[PDB]
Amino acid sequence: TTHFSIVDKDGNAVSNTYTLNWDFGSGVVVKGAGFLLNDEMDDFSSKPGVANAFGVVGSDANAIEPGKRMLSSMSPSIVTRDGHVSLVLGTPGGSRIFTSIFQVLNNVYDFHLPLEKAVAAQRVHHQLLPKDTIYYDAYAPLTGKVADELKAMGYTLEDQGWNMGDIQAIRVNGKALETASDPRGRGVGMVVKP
């Protein structure tokens, strides 16, 4: 997955999340055409109760059927207020995508953090299965007092081995715009004056 966010001078907005699924997809290149094919089928449930690459399970609703779209976690988002765009954001991360967007939203709207800080802040993830397991990344690992306290409650803390998203976001404050690119990745933002 990767994500990008765009606002134009008219106040129109695009939030676009797209993917091959895993990095470089199936690894199959269409000979003569040069592009990689996705391995998106792994987002179906292959067998009830068996976890896929992201640790999520399913049953009949997300079983494989011909012509069926496989369940996604991708969540390209646009927040508005007063009928005008105020925040455009999205991210990769598989089953971590909507919990990372949730956290960034809390950081912006509950803790009132500058957008850059809201995106740079530590993010963690829990998804019921594996049982009581909280994932962190090496960018901002769970450590120290907070880690000890969560472990004392009975949580297992695990470094998932890849960064916990890559938020690309735009905030509109009145007529002014600012951008934030996640420090976990190589993103770049620009405000474009007409």
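We number the residues from 1 along the sequence you see.
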Given 44-52 and 141-149, the range whose Cα B-factors average higher in the PDB entry
44-52
Per the PDB entry, mean CA B-factor is higher for 151-159 or 53-61, namely for 53-61
Reading the B-factor column of the entry, which of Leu20, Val14, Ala180, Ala176 has the highest value at its C-alpha atom?
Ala176
For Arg96, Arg123, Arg81, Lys117, the deposited C-alpha B-factor is largest at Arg81
Position of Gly165 among the chain's modelled residues by C-alpha B-factor, lowest, middle or highest third
lowest
Based on the deposited C-alpha B factors for this chain, I'd like to know if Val108 is in the lowest, middle or highest third.
middle
Ranked by Cα temperature factor within the chain, is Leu87 in the lowest third, the middle third or the highest third?
middle
